[PDB]
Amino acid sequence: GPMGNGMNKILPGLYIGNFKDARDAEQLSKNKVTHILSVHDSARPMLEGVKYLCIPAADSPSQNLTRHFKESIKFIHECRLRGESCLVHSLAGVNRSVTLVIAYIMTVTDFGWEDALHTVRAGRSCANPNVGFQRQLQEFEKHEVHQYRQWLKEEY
């Protein structure tokens, strides 16, 4: 459905869900989620036992997510390197969150954004970034992802 069927594993230690999934203490416990990247209009820390990164971002044609790629990648990567699990969520788990996870996959693989979206959709079939975020991902692929891969190499 258009908001998924519950949070979905994308890669080990990396989940995508909707806003309800992100407050589902039982879902979070079952999946050992200790980090939440919340990217939606009213993102703010809510639950105990969870490290948050909150990015108030709209689903609107002018919303810039590229400038949040680096902090999002750092947050997800340091969680995963410690053997912990991160949930990236938005309102629907379709668009804003998927865009950040695509950027992460592009940086820890040699994938362009389309192969990264294929990877996301294998775990969460409803994943579908809008055209504005697709354009940002295409520009990231063309001009910046190679530098992000090198930064990840030097940092970790």
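Numbers for residues come from their place in the sequence shown, where the first is 1.
Two stretches are in play, 50-58 and 26-34, and the higher mean C-alpha B-factor belongs to 26-34. Of the two stretches examined, 117-125 and 61-69, the record assigns the greater average C-alpha temperature factor to 61-69.
Sorting the modelled residues of the chain by their CA temperature factor places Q147 in the highest third. Among all modelled residues in this chain, the alpha-carbon of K9 has a temperature factor (C-alpha) in the lowest third. For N130, the recorded CA B-factor ranks within the middle third of the chain. Only modelled residues enter the ranking.
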